[PDB]
Amino acid sequence: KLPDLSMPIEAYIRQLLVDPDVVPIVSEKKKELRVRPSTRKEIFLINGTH
Amino acid sequence: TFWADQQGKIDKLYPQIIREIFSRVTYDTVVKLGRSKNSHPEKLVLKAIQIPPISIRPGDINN
Amino acid sequence: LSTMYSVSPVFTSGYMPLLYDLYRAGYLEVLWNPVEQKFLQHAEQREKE
Amino acid sequence: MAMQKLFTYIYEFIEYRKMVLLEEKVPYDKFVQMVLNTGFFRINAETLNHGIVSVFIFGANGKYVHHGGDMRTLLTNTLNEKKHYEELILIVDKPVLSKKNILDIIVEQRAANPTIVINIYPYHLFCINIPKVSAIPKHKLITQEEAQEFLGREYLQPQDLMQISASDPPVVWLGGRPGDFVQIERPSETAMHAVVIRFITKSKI
Amino acid sequence: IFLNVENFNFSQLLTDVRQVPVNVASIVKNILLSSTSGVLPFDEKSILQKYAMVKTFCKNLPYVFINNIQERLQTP
Amino acid sequence: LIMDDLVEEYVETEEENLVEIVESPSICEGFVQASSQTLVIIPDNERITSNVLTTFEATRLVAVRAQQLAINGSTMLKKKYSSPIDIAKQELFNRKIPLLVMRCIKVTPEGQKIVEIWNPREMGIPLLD
């Protein structure tokens with residue numbers, strides 16, 4: 001737990017997604033921000049589907 | 001054993017593949033299908049089985 | 001009878017415990033017959049025995 | 001002899017419900033002629049609460065119980081008039097209660113008009129004076145206040161009571177609805193009659 | 001009641017005898033046998049009092065199913 | 001090659017016919033402890049249960065008292081009895097039993113255990129002697 005701002009934008013958003021309240025928004029077309037959740041995660045697409 | 005039939009394309013549904021499939025199911029789908037949140041299909045695939053206490057397997061079931 | 005038998009009396013509105021105690025020991029006849037002293041001495045004899 | 005018994009007993013069913021008759025009463029022969037020609041007979045009754053109760057006596061071989069579309073059209077048309085329409089009663093043959101399609105239109109119409117009560121009943125429900133049957137004990141609806149005081153004294157919920165279906169013939173003749181309470185004076189061979197209160201649940205169909 | 005019971009049964013006849021918790025006649029017979037009296041003289045007040053006691057006892061009989069407290073309070 | 005100890009394969013045939021949304025909070029999933037109850041003792045004048053002990057209640061009272069006299073034995077009885085069972089029976093008959101009878105009328109969803117407390121020393125005793 002307890003993510004850290006030291007790392008670039010990775011493994012601090014990943015650790016953020018460990019919390020169920022923090023849900024991401026995914027586009028499946030943009031390549032800037034790519035993270036892999038540590039565990040199974042529920043997401044929302046950019047249009048709204050869950 | 002479960003088999004995936006895609007218009008004759010035959011491929012075996014391994015428990016790892018089934019877990020990958022079941023881990024993509026939302027709790028919204030689980031609830032809307034009449035199942036409890038404790039009955040998520042992700043629990044149907046086990047990577048760590050429980051060996052029972054020796055109290056129920058005295059010194060055959062241990063073979 | 002309480003001094004001589006385990007019928008330590010209490011009184012309620014319907015005296016239902018009173019009647020129940022008059023049933024276990026016998027002596028339900030006191031409700032309609034004067035007796036009282038008849039089996040009071042019988043109770044003395046039983047306790048003595 | 002189903003149609004004769006239906007004709008003689010539906011009107012006492014209406015009267016037992018404390019409903020004033022509407023329109024007029026027709027002879028038996030004209031009744032069966034209408035049943036064979038139009039496919040059904042409609043009886044209109046008015047409740048004490050100024051509502052309207054319509055009884056539809058369909059025929060065993062009528063087209064309205066063989067094609068779902070005809071029944072849908074009839075229900076939509078009848079529900080489209082200007083009447084309070086407290087309850088719709090459709091009396092059909094016993095196998096009609098097994099034909100799933102008709103039951104599906106009945107459910108669809110019930111969902112379409114939630115404030116409107118639609119119930120489909122077999123012939124045998126109105127082929128005898130149900131309250132006068134010897135085997136049937138006296139059923140009576142008790143008001144919600146009496147039921148609440150009874151439950152409060154007994155420390156009970158309405159769901160703890162014994163259940164009774166709203167399609168139960170005595171309950172149908174009483175007009176009880178789900179969520180109501182019925183007091184039943186049942187004969188007893190141990191206490192020489194007894195009183196039981198049952199909770200009215202969802203009617204079968 | 002027991003003619004209606006006859007109507008929805010095959011061969012269940014109305015009977016004169018019932019299974020009851022208390023045999024009242026036996027109690028009365030025992031009290032009369034144990035009574036140190038017999039053929040009491042006519043007394044209107046006593047007879048009316050006995051009738052009133054029996055009527056009140058019948059009215060308060062269902063209180064054996066609750067308790068003496070509710071009987072004293074005469075709750076519904 | 002011949003095995004005798006077969007296991008007799010077992011078959012069940014009658015199937016049963018029982019009749020936002022987020023992952024899980026710390027409330028819906030969990031809280032198996034069940035909320036604590038408060039004891040709502042019905043007032044003595046509002047009690048509706050019998051003022052007579054049932055044979056079950058009297059038997060339980062005597063058994064509890066005799067078991068307690070097995071380890072204890074400080075007794076308020078006058079006459080001396082050589083067994084805890086007799087002592088407990090006489091305590092119940094002499095209305096000296098130090099126990100009470102609680103009859104749980106209802107457990108409410110809000111968390112109330114509505115009970116009637118009855119004193120066996122003011123109750124009818126149905127036991128024999």
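Observations, loosely collected:
- Reach of residue D:5 by Cα under 19 Å, taken over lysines that are not fewer than 8 positions away in the same chain: D:25, D:30, D:94, D:132
- Taking packing as the residue-averaged number of other Cβ atoms within 10 angstrom, the listed peptides D:118-128, F:95-105 run from highest to lowest as D:118-128, F:95-105.
- The order of the peptides E:9-17, E:43-51 by mean Cβ neighbours within 10 Å, most packed first, is E:43-51, E:9-17.
- For the peptide F:22-35, the mean number of other protein chain Cβ atoms found within 10 angstrom of a residue's Cβ is 2.
- The peptide list D:53-61, F:109-117, put in order of mean Cβ contacts within 10 Å with the highest first, becomes D:53-61, F:109-117.
- Relative frequency of Cα-Cα separations exceeding 20 Å in chain E, percent: 62
- Between the range D:86-161 and the range F:1-36, the alpha-carbon center distance in angstrom: 37
- Of all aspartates and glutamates in the structure, the ones whose alpha carbon falls short of 16 Å from that of residue D:18, not counting any fewer than 8 places away in one chain, are D:46, D:86, D:87.
- Dipole magnitude (debye, nearest 20) for chain A, charges at Cβ of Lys, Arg, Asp, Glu: 240
- The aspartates and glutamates within cross-link reach of residue F:113, meaning a Cα-to-Cα straight distance under 18 Å and a gap of 8 or more places when in the same chain, are D:154, D:160, F:44, F:46.
- The range F:47-92 versus chain A: alpha-carbon centroid distance in Å: 69
- Of all DSSP bridge pairs formed entirely within the protein assembly as shown, close to 60 percent run antiparallel.
- Counting, for every residue in C:6-16, the Cβ atoms of other protein chains within 10 Å of its Cβ and taking the mean gives 6.
- Annotation for chain A: trypsin sites (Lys or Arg not before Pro) lying in DSSP loop with at most 16 further Cβ atoms inside 10 Å of their Cβ are A:1, A:29, A:30, A:31, A:34, A:40.
- Shape of chain A, Cα gyration tensor, a/c cut at 1.5: oblate
- Applying the criteria of a DSSP loop state and at most 12 other Cβ atoms within 10 Å to the trypsin sites (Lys or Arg not before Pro) of the range D:53-82 yields D:82.
- By the equivalent-ellipsoid construction on the alpha carbon gyration tensor, the protein assembly as shown comes out with semi-axes of 63, 49, 25 Å, ordered largest to smallest.
- Part-to-part distance (alpha-carbon centres) for the range E:2-22 and the range D:39-78, which is given in Å: 44
- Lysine pair count for the range F:1-106 (Cα-Cα distance under 21 Å; residues 8 or more apart in sequence or on different chains): 6.
A short reminder: the numbers here are calculations on the coordinates, not readings from a lab. Backbone-built Cβ (ideal geometry, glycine too); neighbour counts: all protein chains shown.
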